[PDB]
$ cat structure.pdb   # PDB, C-alpha atoms
MODEL        1
ATOM      1  CA  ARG A 264    -107.432  73.306  -4.365
ATOM      2  CA  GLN A 265    -106.488  71.171  -1.375
ATOM      3  CA  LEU A 266    -105.217  67.720  -0.384
ATOM      4  CA  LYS A 267    -104.201  65.981   2.830
ATOM      5  CA  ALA A 268    -102.604  62.758   4.023
ATOM      6  CA  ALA A 269    -101.953  61.112   7.386
ATOM      7  CA  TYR A 270     -99.390  58.568   8.541
ATOM      8  CA  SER A 271     -99.016  56.532  11.707
ATOM      9  CA  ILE A 272     -96.104  57.217  14.039
ATOM     10  CA  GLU A 273     -95.034  53.564  14.042
ATOM     11  CA  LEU A 274     -94.928  53.562  10.242
ATOM     12  CA  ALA A 275     -92.680  56.624  10.327
ATOM     13  CA  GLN A 276     -90.326  54.810  12.702
ATOM     14  CA  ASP A 277     -90.574  51.584  10.703
ATOM     15  CA  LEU A 278     -89.920  53.252   7.347
ATOM     16  CA  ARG A 279     -86.861  55.129   8.609
ATOM     17  CA  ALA A 280     -85.422  52.071  10.352
ATOM     18  CA  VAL A 281     -85.518  49.776   7.309
ATOM     19  CA  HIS A 282     -85.316  52.181   4.354
ATOM     20  CA  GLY A 283     -83.883  55.536   5.445
ATOM     21  CA  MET A 284     -86.944  57.494   4.291
ATOM     22  CA  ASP A 285     -88.546  59.817   6.825
ATOM     23  CA  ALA A 286     -92.154  59.072   5.696
ATOM     24  CA  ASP A 287     -93.002  62.779   6.158
ATOM     25  CA  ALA A 288     -91.098  64.598   3.418
ATOM     26  CA  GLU A 289     -92.313  61.965   0.954
ATOM     27  CA  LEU A 290     -95.973  62.758   1.611
ATOM     28  CA  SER A 291     -95.082  66.449   1.543
ATOM     29  CA  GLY A 292     -93.179  65.843  -1.686
ATOM     30  CA  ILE A 293     -96.016  63.791  -3.161
ATOM     31  CA  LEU A 294     -98.801  66.232  -2.296
ATOM     32  CA  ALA A 295     -96.913  69.394  -3.256
ATOM     33  CA  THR A 296     -95.905  67.968  -6.635
ATOM     34  CA  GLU A 297     -99.359  66.558  -7.397
ATOM     35  CA  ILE A 298    -101.123  69.899  -6.936
ATOM     36  CA  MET A 299     -98.669  71.625  -9.265
ATOM     37  CA  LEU A 300     -99.115  68.838 -11.825
ATOM     38  CA  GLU A 301    -102.897  69.197 -11.941
ATOM     39  CA  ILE A 302    -102.724  72.988 -12.211
ATOM     40  CA  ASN A 303    -100.042  72.770 -14.897
ATOM     41  CA  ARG A 304    -102.227  70.325 -16.817
ATOM     42  CA  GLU A 305    -105.312  72.486 -16.289
ATOM     43  CA  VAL A 306    -103.917  75.655 -17.861
ATOM     44  CA  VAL A 307    -102.872  73.762 -20.987
ATOM     45  CA  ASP A 308    -106.313  72.150 -20.962
ATOM     46  CA  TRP A 309    -108.042  75.539 -20.988
ATOM     47  CA  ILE A 310    -105.851  76.748 -23.861
ATOM     48  CA  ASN A 311    -107.097  73.902 -26.042
ATOM     49  CA  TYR A 312    -110.548  74.407 -24.520
ATOM     50  CA  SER A 313    -110.509  77.949 -25.919
ATOM     51  CA  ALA A 314    -108.466  77.639 -29.122
ATOM     52  CA  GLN A 315    -110.336  78.555 -32.284
TER      53      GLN A 315
ATOM     54  CA  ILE Z 212    -105.717  31.135  44.478
ATOM     55  CA  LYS Z 213    -102.234  31.148  46.004
ATOM     56  CA  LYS Z 214    -102.347  27.378  46.502
ATOM     57  CA  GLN Z 215    -103.128  26.974  42.802
ATOM     58  CA  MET Z 216    -100.288  29.355  41.939
ATOM     59  CA  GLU Z 217     -97.782  27.210  43.838
ATOM     60  CA  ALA Z 218     -99.015  24.062  42.087
ATOM     61  CA  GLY Z 219     -98.202  25.623  38.707
ATOM     62  CA  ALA Z 220    -101.760  25.624  37.365
ATOM     63  CA  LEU Z 221    -101.696  29.437  37.178
ATOM     64  CA  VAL Z 222     -98.652  31.652  36.676
ATOM     65  CA  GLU Z 223     -98.146  35.384  36.315
ATOM     66  CA  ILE Z 224     -97.866  36.789  32.801
ATOM     67  CA  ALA Z 225     -97.056  40.139  31.210
ATOM     68  CA  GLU Z 226     -97.357  40.802  27.482
ATOM     69  CA  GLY Z 227     -97.380  43.804  25.164
ATOM     70  CA  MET Z 228     -99.655  45.269  22.537
ATOM     71  CA  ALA Z 229     -99.299  44.168  18.943
ATOM     72  CA  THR Z 230     -98.293  47.183  16.872
ATOM     73  CA  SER Z 231    -101.417  46.834  14.714
ATOM     74  CA  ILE Z 232    -103.608  47.870  17.640
ATOM     75  CA  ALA Z 233    -100.995  50.384  18.817
ATOM     76  CA  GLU Z 234    -101.723  52.487  15.726
ATOM     77  CA  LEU Z 235    -105.512  52.071  15.601
ATOM     78  CA  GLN Z 236    -106.213  53.392  19.094
ATOM     79  CA  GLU Z 237    -109.416  55.407  19.574
ATOM     80  CA  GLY Z 238    -109.773  56.851  16.120
ATOM     81  CA  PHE Z 239    -107.138  56.665  13.408
ATOM     82  CA  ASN Z 240    -108.155  54.898  10.174
ATOM     83  CA  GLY Z 241    -111.810  54.596  11.157
ATOM     84  CA  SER Z 242    -111.392  52.154  14.042
ATOM     85  CA  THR Z 243    -113.855  52.544  16.911
ATOM     86  CA  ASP Z 244    -114.312  51.259  20.463
ATOM     87  CA  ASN Z 245    -110.663  51.141  21.494
ATOM     88  CA  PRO Z 246    -109.859  53.939  23.963
ATOM     89  CA  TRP Z 247    -106.446  54.482  25.480
ATOM     90  CA  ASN Z 248    -105.525  53.716  29.083
ATOM     91  CA  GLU Z 249    -104.913  56.740  31.274
ATOM     92  CA  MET Z 250    -103.483  57.746  34.632
ATOM     93  CA  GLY Z 251    -104.183  60.684  36.894
ATOM     94  CA  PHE Z 252    -103.552  61.892  40.429
ATOM     95  CA  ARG Z 253    -105.469  63.135  43.447
ATOM     96  CA  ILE Z 254    -104.332  65.403  46.269
ATOM     97  CA  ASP Z 255    -105.805  65.118  49.760
ATOM     98  CA  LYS Z 256    -105.108  67.117  52.902
ATOM     99  CA  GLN Z 257    -104.830  66.420  56.609
ATOM    100  CA  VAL Z 258    -105.397  68.920  59.398
ATOM    101  CA  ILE Z 259    -103.788  69.025  62.844
ATOM    102  CA  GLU Z 260    -105.069  71.158  65.712
ATOM    103  CA  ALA Z 261    -102.965  72.387  68.636
ATOM    104  CA  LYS Z 262    -103.297  71.320  72.273
ATOM    105  CA  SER Z 263    -101.952  73.169  75.321
TER     106      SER Z 263
ENDMDL
END
$ encode --input "structure.pdb" --output "structure tokens"
Amino acid sequence: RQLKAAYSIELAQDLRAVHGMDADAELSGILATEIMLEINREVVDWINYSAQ
Amino acid sequence: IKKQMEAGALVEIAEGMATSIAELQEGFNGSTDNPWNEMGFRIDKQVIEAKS
């Protein structure tokens, strides 16, 4: 599995200046959590896919 | 041209790029035909013989 995301430099400056969010950890936090969510859902999905 | 400049018809001007273009420069987000502006340098020599 794989994902990716890109952000402009000006947006990173703009987001930090007006909101205090670094615009880089958020995308890292979003992508890392999303992959774990899909995998966690998948394993449960296979269990029901295989249950007698 | 200088005579026009004195008369006030034409005046010097200096602006800056709107941030929208400053992100979409030669690439990012699918934009095309917008290369950067670059600078370089050249080195040239001179040679001096000796008289007597």
$ atom_distance --input "structure.pdb" --atom1 "CA of residue 283 in chain A" --atom2 "CA of residue 267 in chain A"
23.0 Å
$ interface_residues --input "structure.pdb" --of "chain A" --to "chain Z" --cutoff "10 Å" --atoms "all atoms listed in the file" --output "list in words"
residues 269, 270, 271, 272, 273 and 274 of chain A
$ residues_around --input "structure.pdb" --residues "residue 288 in chain A" --least-positions-apart "6" --cutoff "12 Å" --atoms "only C-alpha atoms" --output "PDB file with C-alpha atoms, keeping the file's coordinate frame"
ATOM      1  CA  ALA A 268    -102.604  62.758   4.023  1.00  0.00           C
ATOM      2  CA  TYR A 270     -99.390  58.568   8.541  1.00  0.00           C
ATOM      3  CA  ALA A 275     -92.680  56.624  10.327  1.00  0.00           C
ATOM      4  CA  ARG A 279     -86.861  55.129   8.609  1.00  0.00           C
ATOM      5  CA  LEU A 294     -98.801  66.232  -2.296  1.00  0.00           C
ATOM      6  CA  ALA A 295     -96.913  69.394  -3.256  1.00  0.00           C
ATOM      7  CA  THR A 296     -95.905  67.968  -6.635  1.00  0.00           C
TER       8      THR A 296
END
$ atom_distance --input "structure.pdb" --atom1 "CA of residue 301 in chain A" --atom2 "CA of residue 266 in chain A"
11.9 Å
$ atom_distance --input "structure.pdb" --atom1 "CA of residue 284 in chain A" --atom2 "CA of residue 247 in chain Z"
29.0 Å
$ residues_around --input "structure.pdb" --residues "residue 245 in chain Z" --least-positions-apart "2" --cutoff "10 Å" --atoms "only C-alpha atoms" --output "count of residues only"
9
$ closest_residue --input "structure.pdb" --among "A:265, A:311, A:286, A:276" --to "residue 299 in chain A" --atoms "only C-alpha atoms"
A:265
$ axis_aligned_box --input "structure.pdb" --around "range 294-312 of chain A" --padding-each-side "5 Å" --output "AutoDock Vina command-line options"
--center_x -103.2 --center_y 71.5 --center_z -14.2 --size_x 24.6 --size_y 20.5 --size_z 33.7
